[PDB]
Structure formats: C-alpha cells, structure tokens
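K.L.:
If you scroll down you'll find the structure; I have some questions about it.
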Amino acid sequence: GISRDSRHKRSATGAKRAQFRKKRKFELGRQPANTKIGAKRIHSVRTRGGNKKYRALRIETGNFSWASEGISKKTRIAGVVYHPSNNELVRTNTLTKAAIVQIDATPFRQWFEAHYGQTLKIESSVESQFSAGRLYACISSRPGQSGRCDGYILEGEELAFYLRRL
Amino acid sequence: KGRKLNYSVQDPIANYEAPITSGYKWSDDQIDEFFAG
Amino acid sequence: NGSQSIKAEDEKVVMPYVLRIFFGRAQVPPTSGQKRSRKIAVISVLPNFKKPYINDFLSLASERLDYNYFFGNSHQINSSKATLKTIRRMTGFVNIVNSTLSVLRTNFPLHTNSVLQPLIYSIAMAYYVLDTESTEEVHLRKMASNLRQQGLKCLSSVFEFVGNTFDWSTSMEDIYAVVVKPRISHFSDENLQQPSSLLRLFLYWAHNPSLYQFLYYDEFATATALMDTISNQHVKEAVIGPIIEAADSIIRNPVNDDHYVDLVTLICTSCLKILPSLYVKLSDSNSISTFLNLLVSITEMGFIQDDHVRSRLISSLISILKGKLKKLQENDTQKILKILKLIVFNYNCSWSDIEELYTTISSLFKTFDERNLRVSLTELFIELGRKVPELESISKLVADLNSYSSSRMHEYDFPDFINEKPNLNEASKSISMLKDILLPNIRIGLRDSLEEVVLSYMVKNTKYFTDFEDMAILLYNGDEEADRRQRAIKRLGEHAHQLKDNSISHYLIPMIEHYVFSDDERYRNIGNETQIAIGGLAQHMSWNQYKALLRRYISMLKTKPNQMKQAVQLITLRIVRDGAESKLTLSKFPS
Amino acid sequence: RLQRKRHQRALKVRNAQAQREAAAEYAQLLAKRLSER
Amino acid sequence: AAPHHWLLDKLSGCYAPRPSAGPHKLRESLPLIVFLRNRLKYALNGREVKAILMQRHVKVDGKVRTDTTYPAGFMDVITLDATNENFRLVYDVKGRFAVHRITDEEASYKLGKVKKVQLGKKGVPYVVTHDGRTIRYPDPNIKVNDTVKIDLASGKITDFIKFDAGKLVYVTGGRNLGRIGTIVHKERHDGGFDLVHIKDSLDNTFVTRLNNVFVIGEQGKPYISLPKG
Amino acid sequence: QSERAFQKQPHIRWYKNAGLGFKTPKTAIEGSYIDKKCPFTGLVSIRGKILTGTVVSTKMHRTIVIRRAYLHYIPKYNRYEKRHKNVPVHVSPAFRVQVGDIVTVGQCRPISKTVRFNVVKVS
Amino acid sequence: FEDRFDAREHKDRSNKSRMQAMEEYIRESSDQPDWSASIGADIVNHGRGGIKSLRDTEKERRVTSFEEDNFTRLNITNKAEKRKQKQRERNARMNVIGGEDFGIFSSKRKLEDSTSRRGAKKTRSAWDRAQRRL
RNA sequence: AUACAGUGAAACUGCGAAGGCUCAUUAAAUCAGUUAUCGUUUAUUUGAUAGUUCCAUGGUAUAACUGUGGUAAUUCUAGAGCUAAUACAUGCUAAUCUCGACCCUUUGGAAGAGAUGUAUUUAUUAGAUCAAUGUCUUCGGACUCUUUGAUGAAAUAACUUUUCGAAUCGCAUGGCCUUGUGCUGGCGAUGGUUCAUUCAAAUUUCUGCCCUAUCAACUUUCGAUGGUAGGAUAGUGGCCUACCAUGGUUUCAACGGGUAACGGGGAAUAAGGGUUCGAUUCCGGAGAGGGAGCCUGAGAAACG
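Chains as they are written, first to last, in the authors' numbering: chain SJ, 2 to 121, 151 to 196; chain RY, 460 to 496; chain RP, 908 to 1322, 1376 to 1413, 1420 to 1449, 1461 to 1548, 1558 to 1577; chain SH, 183 to 219; chain SF, 13 to 241; chain SM, 8 to 19, 33 to 143; chain RB, 224 to 357.
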C-alpha cells in the first residue's frame, strides 16, 4: 500500500496545487496480503508499540459456525466462486472476509449423527450438501488483520440469497 | 472508465528501449511460405 | 495438557466403533476388578486408586460427550462403572468423618453419576441392557436413603436418573420391578418443593402412559398408583403455579379426567381446582384455559355435586360467558359447562345459551325477546350473557336495552340482592362508559336512563343524536344541578367519550366547558366527591401529556377553577404534590 | 531455598484470603445498595 | 512561559516548570515546586524543595507522593506534617489558585465530580473522578456531574451530592472560571452552552458548560469551608 | 430491498436508541429497512453537536445537502452579508426530504470523505 | 458562539491610562502624605546619575520588597540589562532634571482620549445622564 | 578468612548525548483556539484489578579466559580447549463457593444438588411487572386506570501453535508443641493480568484582518460526487480496488492572480507618555552527497 491522507487527492470543492509533503510514518499502508490456501503461515508484524498483528496468507483450518445452533467447528477450504469486491479475486481463488467459500462438511455430519443419532427439519438445498459433502459458508474473521479464518454456514435464506446471485 | 485506458503518451518509456533492423532471422517470404496454411 | 486432551477428545472419534469400543475397553481394564466386584461389591479401594476411578468416570464422561450417540458402550464398561460407583459409595459411607478424601470421593460419586446419566443421555434407545436389574439393585441399595434428597431447584443427579428411567419404553422394567415412583412421589409430595416439582410432574405424566401401555399387571397397578399420586398431589401444581407452564397442569388434568374417575370428592376437588385455574391467575392462555374448563366439565360429567359444585360451575359459566374468548370456542365450552352443571339455573342457562349461540343466526334476537317474555328466575348467567350482548358485540341493541330494562324491572320487583345485582350493573356500566365503544356506550346510557326510571329528559336528550341544542340543554342541566362521586364521574365520562379527541367536530370548546362544569358541580360536593374531582383532574392531567395536549390544556385551566373556589372558600390541604405538579407544569413550560 | 518455599506459599494463600474475600465483601455492599434501591 | 492560574511573579526565571503526568491535566493544576517554593514560600529554590520532598513532609490526598512536579489540581488537600498544615486549594474569582487553610476533619475527605458510570467488565458498577479514583459500587442514581465524597483513608464514597436544579455549584472552566452563587437560572441545551447559571452581588447572569461546572453543596450549607475577605 | 451481495443485514429487526430528544419512527424500530448508518438502529453512536437548516439538493441517494444561513454580527462594513453553508448527509426512513424542509443533524463518525452528520428530525 | 478564557481581559492592566499629570494632581489633592526619603538617600551615583525619578524609586521599592520576600538577589541578565538599564539611564539623563522628569511635556499623547472621558459611564441617553446626576 | 571477601587497566551490563545549520517562496489547507473519538495508539504519572492436577529442584551450549595463527590494516579475523546465569529453553505445585429436607432453640448447620479464569477471533439473547396514604368500603379484598416508586424495555457452542496461579526483597523470633526448621507466621515495597486517568500523537466539528469578476466557472485529465463490499489501518474515512448511480462547489463570492507572505497574522510579554521602533513562537516544507528500498522504537519513514 501507500497512504491514508486526503492531501494527495481532491476534496468536495475541486482544489489543485497540492505538492504538499514528504509522507509520514502514520500514513502507513502495508502491502495487500491476499490470503490463500496452502500450509498455515502467519506473519507476525509489529505496529503501535507491542501491537502484534497476525497477517495470514495460507490459512486452512476454518472455524465455521453451524447457524441454527451456533456450532463453530473446524474444517478445510476449497475455493470462492463469487466475490465482486474484485471479480478477479475469485478467478485467482484467494480467501478474504465476507467471501462465500466451499467446505467439506464431514465434521458437521459427525456432529449431526452424534447429537441426533440418525443420518440424512433442515432445508433441502442444504440437505443436498449434507448428503454430498461440500456446503457453502461465508468468512467472518479477518485473516489480514486478526490472522484467523472463522465463518458462518449458509442455511436457507442466506443460501438462496447467494444462489440467486451466482 | 476514468483511469481505465488512458490513451496518452508517457515520459520515461518513450525511449526506454531501441528497435532492431533485421529482427527475425527468417524472411517475411519465409513467413508467407511458412503459414500459407 | 487439559487443552491437549480436549483436542484428543475432539479428534477421538475418527476411528470406527470397533476401535472406539477397544479404546473404551482398555480404559475399562485399568481398575475394573470384575473377578472381585461383579458379584456384589469390591474387595479394596485406595485414595489414589479412587483417583484412578474418578479419572475413569471422567474419561467415561468425556468419551460419551465426544461420541454422544453411540459411545462404544460395552458390558465391561458397565461393570467397571458399577464397580467404581459402588466403591465410591462404600468409601464415602464407610470412611471416618475427616471430609477431605470423603468430599473427594463424593465429588467423584456425583461426577460418576453424571457420567452414568450421560450414557443414557447418549445411547438410550440403542442398547436397553437386559441385565439391568444388577446395576438397578446396586444403585437402589446404594441410594435407598435418597428419599427426599433430590427435592430442590437444582438436585438433578438421581432426579435426572429417575426422569431418564421414566422417559423410556422398556427401561421402566427397573422402575416397575419394585419402586421408582414411590421415592419419586415421596420427594414430589414433599412440601418444600422448588420448581423441579413441575419437571417431576411432567415426567410422571409422560410416564403414566408407558405404565398403561405395558401389558404387565404390576405396571397397571403402578399406573393406578400414578393416578393416585395425581390425586394425592393436589397442592403441588396449585402452589407451584408461578410461571406460564400451566399447560402441564391442563395436560395432566385432561389426562386424569379421561383416565380415572375414583371419587366424587376427587371430582369435586378437580372441578374446584380447575375453577381456581381460571380464578387464580389472569395470565392463562386460550388453549390452556379451554382445556382446563373442559377438564372441569369432564369431571362434572362423571361425579359432580348438586348444590356446591352446581354454584361453582355456575360462577365458572358466569365468568366464561363474560369472557367468550377465542372466536366462540370458549363460548361453546361455556355452553357445555352450563349444560353439564346440572341445576335448574343451569338448565335455563343451557336453554338460553343454545337458543342464542346457534352459529351466527337471528336466533339471538329471537331468544332475547323469548327470555324477555319468559323471564327466568336464575338471572345471573342471563345478565352475564345479556351484558356481553350489551357490550361491544354489535347485534342486539334494542334487545340489550330491553334486557337492561327487564333486569331493572326484576330489581324493582324484588323490593336487596337484586339491588346488589344493580350495583354490579352500575359497576359494569362505569367501565362500559369509560371506553371507546359506540353502540355499548349508548346501551350503557340507556341503562342509566332505566336506572333513572328533568333528569330523565336530560339523559334521553344526551342520548338524542342532535348534539348542538342537546349539548346546550346538557350545559343548562349542569347549571341547574350546580345552582355525586361515581355518578358525576360517569356522566363526565360519557361526556368526555362523546368529546374524546373527536377533532372532526365543532363546539369542542363548549364540550370541554360542559365537562369542566360537571367537574365543578361535582367538586362543589366537597364532603363526598372531592376525591372524585381529584381523580378527574388527575386523569385529565395524564391526558395533558398522553399524546394530545390541545383541549386538555383548557381542561387543566378550567379544572384549576375548583382549586380557585376552594382556596377562596378556605381564605387544610396537601400542598406537596400540588407544588410538585407545579414543578411538572414548569418543566412542561420549558418545552 | 526451602524457607523461601515456606514464605512463597504463605504469602500466596494470604493474598488469596485477602483479595478473594474482600471482593465479595464489597459485592455484598452492592447487594445492600440493590436491596435498598 | 507560564499560565495564569499559578499566581507566578514575572521576575522569577526563564524556564517554567512543566508539571509531570498525574491525576489532573496540565492545564488545571499546579505542581509542588510552584506551590511550596514561590507561592507560600516554604523553600527558596529547587534544591531545597527537593530536599524537603526527600524528607517527605508532603501528604497530598493522604499519601506522601515525593515529587517536584506532581500536578496538584482542584481541591487536593495538601497536608504537611510539621505545624499540621492542612491546605485545600480552590479557584478564586479571577482565575488563580486560592489555597485556603482548613482543619483536620475537613482534610479527612475531599469531593469529586463523577465523569462516567460504566458496566465495564463482570457486572461491576464503576465511577471515575478528576483525580481518577476508580472506586467500587455507587448507587444506580449516579448521573454525570454529581459529586462523590472520597474517604481519604480508604477510597470509598461516603456521601453523595445529586446534581439538580437548586444545588450549589462550582465553575472551573471558560470565561466563568471560579465563580460561586449557582442560582439565577437553569438551562440544559442539547450540546453546548448548557448549565446552571450563577448569581453575582447584583445577581447577574452567566453561561458555561456542563463539564466546566461541578457541585459542592447546598444553598447555604456546603460542608467544604470556603475562604473569605 | 436487496440490490447488492454479501448478506445485506443489520450487524448486531435490530433496534436501539441514541436518546437525547430525537424520536425513532416505528418503521425504523421494526421495519424491513436495514439502517446501516442511520443512527437510530445503525452502527454509529451519537455525540458532538446538532446543526439545523434547509436543503439545496437531494439528487443522489444517501446524500442530503443541507443549506445553513445564519446571522453573524459583522463589524467591518457594518452590515450583515448573509451566510450560506453546505453539508452532505445520509438518508433516514422517516422523510423524503424535498426542496425547503428545514431539518437538523447530529455529529457522528465520518461516513464518507465529507459527512459527519445524519438526519434525526424533520419538521 | 462560545466562551474562551481570556486573562488579557481579567488581568490588571492599570497602565494604559496611568498618566503622570493626573497622578501628580492626585498626589496634590490626596490629603494623606507620600513617603519621601531622607533627602540625601535618594541620589544615586554621587550625582553621576540623577536624583532618581518617582517611577524609579517606586520600582526600586518593589524590587527590594520582592528581594527580601523570597531571599534572592537579582542578576546581570545581559539582554534585558543592555536594553533596559542603558536605555533607561540615557532617557533619565535626557529628561529627568533634578529628580523631576520633563519627558512627558515633549511627548504627544492625548490625556482625555484614553485616560479621561469615561467609556462605561458614557451616558448616551438624556434619561441616563439625568439619573447619573440625580 | 585453603569454595566468595579491598585497590582495580580492558570486556559484558544500567543509562549518557533527551533535540543543531542551510536552501526553494505555502493566503485560515502554514498556524492559533475549539467540538469529538462507545472513530483510535499509548512507555512513564495516578486510582483500581487473577481459582481446570490417573500408573527437596530440571539440559547442553557459548562467552570472558587460555592457546595456535593469518593480514599492510581496522571495534577485521579464524581454528582448538574449557567455564558460569533472573542468558537459552524443558519442566516438582492445600482443598474453599451457594441452594440449604432435617434442625433445637442457640455453641444451629449435618445430608444431598449445583461450583470453580484470563488473552485471541465467531452467534442467540438476560440485557412487562409488583408496594400503599386511595377507586367500592360490605371498616374484609380481584386492586393499577387514576395518587405516588421499583428490577427493568455477560449467560453460553468453538478456535489460537495461549500468557499466568511469584525461583524479588525488606522489617519484625513473634505464636504455637503434630517432638523437630513439625506448621513458621504478621506487615510492607518490587512483581504480575486488565481497566480508567494523565501525558503525547493522529483524525475531526467550527471560528480567525490584503486587494481581487480583466479569475465565472471549476470538478470527473492521483475518484470528480455518493452508495455496497473487501484490502490496509492505530482505528473513522473513495485512503486504495471491483461493481453501480452522474454527481458536487459557485454572484449569499467557487476556483484562480502577488508582494514592504527577511513580512504578516494576537504568536505573546508588556513597559507610569515611544502611540503601527518598543517582547517572542512560526515564514512554507525539506536535507544530512543524489533520488530508491528496508530496519529499530511508547514516539521516527532517525542528524546517531
């Protein structure tokens, strides 16, 4: 990154003759670490005293949350199909916040068969993924700042809310 | 489409390199009789 | 290492049931002692050996919680668990009173019971082990003294074990063997019952059906004993009615009325309790109250009384006819209760109720004139049904006027009790007049005219649908009455209802002036209606802030005139709240 | 060394018996204020 | 290089003493060197005021706090052991720090304006003041700008003064800084020039802010003693 | 009321109150509007000062351009030249503000490059 | 708008309007004596300087009061002394004749503009001037 | 003073330097005050603030130091041999908290059931009622609509390569008899996690003295104007990028034109007669040969 200041750009009035200043330390834009899938490597960068910041690049073990009961359990990552904060970001298959990524939902199968007995009330277009294995789930946590991959599962309303999109 | 495809002329790259006369070691007749088909 | 072992438990399910049962069998083979303790009891135990046993119970709890469906259960794990529980009971009840290792082995025993209840929490209708009576007799000989031990708000080791044993299909064999419901009913009929009493009541209500579907005659007599417990626990669900979980009482009372009719005094107690189920708490919902009144009717269809429960059911119908809730479903249940109450008053009630509730027909206006020409001497439920029809139930307007006039005719033909009935008529007409009704306010005005049977011309001209010369003559009648606490409060309430934020009509200044003139003519009656004037000024002061403050400001200014005349007459009072309301007016001044 | 092992344990249990009792001892004063309010 | 509040004579020096960090801000406090050395003159220079600070005569707010630039702000009771010196220092009418002399039963406490009440962590009610005494558990009816009375032996609130219309208020801030009389008017606006207004000898009127004013007692009975002329 | 991706929803239908003499309309308490930066449900909290004036343009959505003429006692040429000010402001589900419409706003948490004020009142 | 703490408007100025002709008339019509020195004690360098002016002996009295009051000698601070002592003694030998300064008579500064002709009690009403007299 | 014991070259250590010259000309954007940050960082100042334990003390690997040397040579070096820690990094640790079946009456709690943290990043929700001085008194009560008040519009399911439950010291032999350091046992400084304050910084609301329409258009030509999401942030923020809408300022002075902008703006002290001389902070930002990239710290795009 470069900057965080209004001095390089124009305001709501249209001004000119900028030529302002050598940029300070507190306009610090670090490089955009597009977090991907790999082996888990988090860079421990420093800022503002001992404010360590976890910059995750190759995180896997996503803690994704069963919605209707709120069961955040551990799984892997496959790939993001739709994220128009950059439509090339899904072409390159990175992993950022608020992305809709696919999960092999085998521990969710284990929890359902463990606290319900039988195997398969829950919606049908996610029951198809209960059968097959890959369910859609959206990342909540920030791997570029907190270094973690947490998320929430897609269950019904939010599922169709994304499936009608793409 | 503001910063998208500015068809301007830029200062440091206007003489960043220099061309070559013969270039391809083949002939252009070799191009024509190379991919006639 | 606790977090590391928690990770090992969260990943300790990936292997099959064979490997899970093998790891559980290796955990069982630490300190089982099945050669020594599978017969009756253990040979020896130590503090660190019980710590291996307490760790074994903790590992059983962690394994069951991890694999909380299958758990890889085995009879070797069951025998190791029974040996550990018996060794914990033996060490705790045979060691001397030093309490350190005794409390360690007691918190080992409560945790081992929690891990035992976890096995039935995980694998309940999966194993159903046929050699249950070994562990059942072991735990019974251990916890014989736990009679009223599980009676608390949080005691849920043996209470949860009893609920688990009672909420099964064929695991009630150890229940119906000797006793489960006896000790459960002892702690249930304990008088210091906290809110787990409702949990035990729901467990026995669900568990009476397994003891009834059981083909064994011992379980049939145990279901009879569960009905006998429902008859001998007639104070617990009464005293523990502190929440809205009265559907358990309504579900047991319907089950009891459908199941067992054992005494006429029991049916009278059930009917009086379901009468208290509608005369105890006003937060009972529609389906619960309907099923409670239907259960009272179902006990009355079997074994009702002829005078006492007759009057109790008549009071029940006199409340339910003023209710008539839930789109005539409560009205139909009230008609059934009036037809089952079995009296002459109840016979006239069922007649005059069925003749009006015939599924939205003109039989209501037929039956009003029918009972008017053939006026019944019961008259209580008749006045209830004819005052619900005089309220905001649109039809029977002239029939409501004739019903009020006929009640007045009966109250004049009495010439005491029917005058106290007219007191109830006036206390109903007061809440009718202080309302947003249109037809029922005019019916209450007609009832006021029939109670008034100058003043009669004033009432009929206030109910004259003219409102300009009518309101002028009302102001002149107030002037003649100036030159009555509840009576003038009712007249001013009817006037304020006819001029109650109806800002699509003129002369609202003269309407509020007539309200304040009647308020002044009541405030002149200082010996009686000073309290009513204070209440009317207080209600107008509340209306001065309640979402509309245009005419209520002039009402405040003109109700200040009673204070001005009183202070000119005084030339003792309560200055404190008057000054605080002056401060509130000064705060409204800074708006 | 062992006398330090005496004094460390004694100051630790005294620190517990001071702090963890004083905390509830003003939480009960909060309970008195809540009962009177 | 000085402020106005210190009553500092100009013929003193060149470098002015910056107070160190502490309870109060820099702009509303005087350090101990400008207190003892050149105001009531128990010293002649920085060397001997450091000497008596090492001797530890000062007992501000019941603790010693041996420091030269310790920022004694509003009504921190400076206590000196020799000749039982008890000093409550308040604002005069023209912006300076008038240091009134008080007695022991008055220096056994102080008062403090409450700034905010918090549900911080683990269900604990919470109160701060201008010296930042985070004391446990007041009543729920502590609004902003009320007045707690600190114990000064332990830290507990002993008495409480409610901020409402008809209370004796002290103004420290803006162009009203250091006035007393608290009643001509009340006017709470919605973001500025919001206050209770203060009288004069002819009962004149005044405008200030909420945070720039804080209560000291009642109409005739403050349990603080005040200096006179 | 969902024309964009990424789970358009409140962020914890939802409802709160900033207090301090500004009402919340009933659709803004319980309605289908999201209230992302409208301060009644919102994510922002209120502070600062409150300014009042009429508008000039409400052309783009979530842009309320207030005008604010105010008196100032000019001593230079001893006559009052009339003031004018501008401030962009995000929408609220209470009034489609047209030309005229003296409204007021409270200071909070810079939303775009130049907006710190969000509408709280219409009269 | 809002208030802002102004020590320049609650600071004792009292010197923009202190004129020596008015002060001399007040000393004449004062009817309480004036603390003059024993007559030789106020000449300065055996007569190499002046006598000393009234402002100079007032300032000397202030300096000795502050001196005894906090036990400190004042100094030979170079910038302030090269301004004030040399410029002060040169205008002293210019304008102070025999203990009396005549510098003011050679100086344009209007008396009635600043120091007389009251600004607060300006009495810009006939009624206000009538009530100010009566 | 036969394991230490004073002088002390040269080495590790704690800190020191804790704020100094020149050069090109910025019109409330440099500056000054002020509003706010439940929109954010914070060393130091100050006030507060920790409950998971199955069959008598933990490991080699480096210095300084010796010894062999190289090179013209440095605060340049390399082999070989030892050796210590508040250096590195694995690891030893009593039972007390509520509801109280029972009470024996005061020396009152024995049985049972429920307990027990922090630091990181994910979701549901705790966050309408009852008491009278009075409606009717039938001198009893269903009482809130009236007359006043009150609880009230962090509890849990998980990650993290997780920090800790004192290897600090001082003052006081003091109490006990578990038959010997058996328990020591009282207090205070330094620790130690977290919050708030203070300090400082960054943003941000507004206010503040040249003539200017021969500057009437500017802004989308470093996004112009806003919306949605992500990235980066100490966080707010078109600060940057994807997508979308065509906006926004202006004759109520946009935007643009220059200097006695080596002068000005209170930036401040004022002086007992100097009336724009007469006290100072700051001209604008940079630079450590020249641009570029990186690093350190509570604070930096470091005078080192």
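Where a beta carbon is used, it is the ideal one built from N, C-alpha and C, also for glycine.
Which stretch, first to last residue, makes up the alpha helix (DSSP H) that contains RP:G909?
P.N.:
Translated into positions along the third sequence, residue 909 of chain RP becomes position 2. Note, RP:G909: alpha helix (DSSP H), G909 to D917.
K.L.:
I'd like to know if SJ:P85 contacts chain SM, where contact means its C-beta is closer than 8 angstroms to some C-beta of that chain.
P.N.:
For this step, residue 85 of chain SJ is matched to residue 84 along the first sequence. Yes, SJ:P85 counts as interfacial toward chain SM.
K.L.:
Between SH:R215 and chain SF, is any beta-carbon pair separated by less than 8 angstroms?
P.N.:
Along the fourth sequence, one-based indexing puts residue 215 of chain SH at 33. Cβ-Cβ to chain SF under 8 angstroms: yes for SH:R215.
K.L.:
With 7 angstroms as the C-beta to C-beta threshold (strictly closer), list the residues of the region 138-152 of chain SF near chain SH in chain order.
P.N.:
If the cut-off is 7 angstroms between Cβ atoms, the region 138-152 of chain SF has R148, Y149, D151 and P152 near chain SH.
K.L.:
In this structure, how does DSSP classify RP:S1009 when only helix, strand and coil are distinguished?
P.N.:
Start at 1 with the first residue of the third sequence, and residue 1009 of chain RP comes out as number 102. RP:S1009: helix per DSSP, three-state reduction.
K.L.:
On the three-state DSSP scale, how would you describe SM:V123?
P.N.:
The count along the sixth sequence starts at 1 and reaches residue 123 of chain SM at position 103. Note: SM:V123 maps to strand in three-state DSSP.
K.L.:
Can you list the residues of chain SM that SF:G204 reaches, using a CB-CB cut of under 7 angstroms?
P.N.:
Taking the fifth sequence and counting its residues from 1, one reaches residue 204 of chain SF at position 192. What SF:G204 touches in chain SM: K69.
K.L.:
Count the CB pairs spanning the region 86-93 of chain SF and the region 103-119 of chain SF that are closer than 8 angstroms, and state whether there are at least three.
P.N.:
Output reads yes: the region 103-119 of chain SF touches the region 86-93 of chain SF.
K.L.:
Which residues, taken in chain order from the region 104-118 of chain SJ, show a beta carbon closer than 7 angstroms to some beta carbon of chain RP?
P.N.:
Cβ contacts with chain RP: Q111, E114, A115, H116 and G118.
K.L.:
Spell out a yes or no on whether the region 134-142 of chain SM and the region 224-234 of chain RB are touching, meaning 3 or more CB-CB pairs, one atom from each, closer than 8 angstroms.
P.N.:
They do not touch, by the three-pair rule.
K.L.:
Do you know whose CA, among SJ:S12, SJ:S66, SJ:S73 and SJ:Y182, lies nearest SM:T134's CA?
P.N.:
Counting from one through the sixth sequence, the residue named residue 134 of chain SM turns up at place 114. Of the listed residues, the one whose Cα sits closest to SM:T134 is SJ:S12.
K.L.:
Since SM:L91 meets chain SF, which of its residues come closer than 9 angstroms, beta carbon to beta carbon?
P.N.:
To locate residue 91 of chain SM, count along the sixth sequence from 1; it is residue 71. Simply none; closest approach about 16 angstroms.
K.L.:
Within 8 angstroms of any Cβ in chain SF, is that where the Cβ of RB:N293 sits?
P.N.:
For this step, residue 293 of chain RB is matched to residue 70 along the seventh sequence. Interface residue, yes.
K.L.:
Here's a check: name, in chain order, each residue in its chain whose Cβ is nearer than 8 angstroms to the Cβ of SH:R202, leaving out the five neighbours to either side.
P.N.:
The sequence position of residue 202 of chain SH within the fourth sequence is 20, counting from 1. Contacts found: none.
K.L.:
So which of RB:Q255, RB:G322 and RB:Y248 has the shortest CA-CA distance to residue 208 of chain RB?
P.N.:
In the structure displayed, chain RB extends from 224 to 357; residue 208 of chain RB sits before or after that span and is not available.
K.L.:
Strictly below 9 angstroms CB to CB, what residues from chain RB border SF:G25?
P.N.:
If you number the fifth sequence from 1, residue 25 of chain SF lands on position 13. Near SF:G25 there are no residues of chain RB at all, since even the closest Cβ is about 10 angstroms away, more than 9 angstroms.
K.L.:
Can you pull the chain RB neighbours of SF:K62, defined as C-beta to C-beta under 8 angstroms?
P.N.:
The residue labelled residue 62 of chain SF in the question sits at position 50 within the fifth sequence. Within 8 angstroms Cβ-Cβ: nothing; SF:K62 doesn't reach chain RB, min ~17 angstroms.
K.L.:
For RP:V1162, which option in RP:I1137, RP:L1185, RP:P1400 and RP:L1179 has the closest C-alpha, if you only look at C-alpha atoms?
P.N.:
One-based indexing of the third sequence puts residue 1162 of chain RP at position 255. Measuring from the Cα of RP:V1162, the nearest candidate turns out to be RP:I1137.
K.L.:
Just the chain RB side, please: which residues come within less than 7 angstroms of SF:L189 by C-beta, in chain order?
P.N.:
Locating residue 189 of chain SF in the fifth sequence gives position 177, counting from the first residue. Chain RB residues near SF:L189: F228.
K.L.:
Candidates RP:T1274, RP:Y1319 and RP:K1389: which alpha carbon is nearest RP:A1306's?
P.N.:
Start at 1 with the first residue of the third sequence, and residue 1306 of chain RP comes out as number 399. Selected option, being the one with the closest Cα: RP:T1274.
K.L.:
Between which two residues does the alpha helix (DSSP H) holding RP:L1291 run?
P.N.:
Counted from its first residue, the third sequence places residue 1291 of chain RP at position 384. Run containing RP:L1291: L1287 to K1294, per the alpha helix (DSSP H) assignment.
K.L.:
Can you tell which of RP:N1505, RP:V1036 and RP:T1266 has its C-alpha closest to the C-alpha of RP:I1466?
P.N.:
Against the third sequence, residue 1466 of chain RP aligns to sequence position 489. Ranking RP:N1505, RP:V1036 and RP:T1266 by Cα distance to RP:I1466 puts RP:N1505 first.
K.L.:
My output table needs one value for RP:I1221: the three-state DSSP class, helix, strand or coil.
P.N.:
Here residue 1221 of chain RP refers to the residue found at position 314 of the third sequence. Helix, per DSSP.
K.L.:
Cβ of SF:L56 less than 8 angstroms from any chain RB Cβ?
P.N.:
The residue labelled residue 56 of chain SF in the question sits at position 44 within the fifth sequence. By this cut-off, SF:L56 is an interface position.
K.L.:
Could you check if SJ:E187 is buried or exposed, using at least 16 other CB atoms within 10 Å of its CB as the buried criterion?
P.N.:
Position 157 of the first sequence, counted from the start, is the residue given in the question as residue 187 of chain SJ. That one is exposed.
K.L.:
Please list, in chain order, all residues of the same chain as RP:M1079 whose beta carbon is under 6 angstroms from its beta carbon, the five residues on each side excluded.
P.N.:
The sequence position of residue 1079 of chain RP within the third sequence is 172, counting from 1. So the qualifying residues of the chain are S1117.
K.L.:
Hey, could you find the ends of the alpha helix (DSSP H) RP:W1112 is sitting in?
P.N.:
Indexing the third sequence from 1 puts residue 1112 of chain RP at position 205. Segment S1104 to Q1120, the alpha helix (DSSP H) holding RP:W1112.
K.L.:
Could you give the first and the last residue of the continuous beta strand (DSSP E) run that contains RP:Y1530?
P.N.:
Locating residue 1530 of chain RP in the third sequence gives position 553, counting from the first residue. Per DSSP, RP:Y1530 belongs to no beta strand (DSSP E); it is in the alpha helix (DSSP H), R1528 to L1547.
K.L.:
Have a look at RP:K1303, RP:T1007, RP:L1023 and RP:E970 and flag the residue whose alpha-carbon is nearest the alpha-carbon of RP:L926.
P.N.:
For the purposes of this step, residue 926 of chain RP is identified with residue 19 of the third sequence, where counting begins at 1. Taking only the C-alpha atoms, the option nearest RP:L926 is RP:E970.
K.L.:
Based on the DSSP secondary-structure assignment, which residues constitute the bridge partners of SJ:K74?
P.N.:
Translated into the one-based positions of the first sequence, residue 74 of chain SJ becomes position 73. Beta-bridge pairing links SJ:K74 to SJ:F65.
K.L.:
Could you please give me the residues that DSSP links to SF:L42 through a beta bridge?
P.N.:
Position 30 of the fifth sequence, counting from 1, holds the residue named residue 42 of chain SF. Partner(s): SF:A84.
K.L.:
Mapping the DSSP letters down to three states, classify SJ:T95 as helix, strand or coil.
P.N.:
One-based indexing of the first sequence puts residue 95 of chain SJ at position 94. Correct three-state label for SJ:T95: coil.
K.L.:
So, using beta-carbon positions, are RP:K1395 and RP:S1409 closer together than 8 angstroms?
P.N.:
Sequence index remark: in the third sequence, residue 1395 of chain RP carries index 435 (1-based). Sequence index remark: in the third sequence, residue 1409 of chain RP carries index 449 (1-based). No, they are not a contact pair.
K.L.:
I need the boundaries of the beta strand (DSSP E) containing RP:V925, first residue and last residue.
P.N.:
The residue given as residue 925 of chain RP occupies position 18 in the third sequence. Counting along the chain, RP:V925 falls outside any beta strand (DSSP E), though it belongs to the alpha helix (DSSP H) covering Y924 to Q934.
K.L.:
Thinking just about the alpha-carbon of each residue, which of SF:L238, SF:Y27, SF:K198 and SF:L19 is nearest to the one in SF:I192?
P.N.:
As a first step, residue 192 of chain SF must be located in the fifth sequence, where it is residue number 180. That would be SF:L238, whose Cα lies nearest to the Cα of SF:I192.
K.L.:
Which chain SJ residues sit within Cβ distance under 7 angstroms of SM:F13?
P.N.:
The residue given as residue 13 of chain SM occupies position 6 in the sixth sequence. Within chain SJ, the residues near SM:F13 are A99.
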